[PDB]
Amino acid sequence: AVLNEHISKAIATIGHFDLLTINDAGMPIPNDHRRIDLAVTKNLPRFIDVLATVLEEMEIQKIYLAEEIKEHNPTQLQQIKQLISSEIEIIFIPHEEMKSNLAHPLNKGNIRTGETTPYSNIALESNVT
């Protein structure tokens, strides 16, 4: 099995209430030890493919999305909905809040993808591991 080293590491540091984010190419991710840059070029890797992969390696209770996704990227939102269990809660917050959450005290990592479609950003809150 092939997995990202930095992602597997971060997932192992993750417990109840901890956050892990997946982001598009333009999300202003703070430059620190949480930042995990997987971007290769435009749309590689895709946000959706990285999300599908991470979800196989995690127990999630809540996800956070930009309110703006509903209007500006309904295809992404639909792709996300189709991927997650129908029991996990989806909370919509302002995109400006999604940016603050990049620096959340419980944020255990910020994954950067090559995705270029707007508001392809998510935050994943762990259940009890």
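Throughout, we count residues from 1 along the sequence that is shown.
Q: Between 84-92 and 64-72, name whichever shows the higher mean Cα B factor according to the PDB entry.
A: Averaging CA B-factors over each stretch, the winner is 84-92.
Q: Hey, which bit's got the bigger mean C-alpha B factor in the entry, 29-37 or 48-56?
A: Per the PDB entry, the higher value belongs to 29-37.
Q: Compare the C-alpha B factor of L124 with those of the other modelled residues in its chain, then answer lowest, middle or highest third.
A: Ranked within chain, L124 CA B lands in the middle tercile.
Q: In terms of the chain's CA B-factor thirds, is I14 lowest, middle or highest?
A: According to the entry, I14 has a C-alpha B-factor in the chain's highest third.
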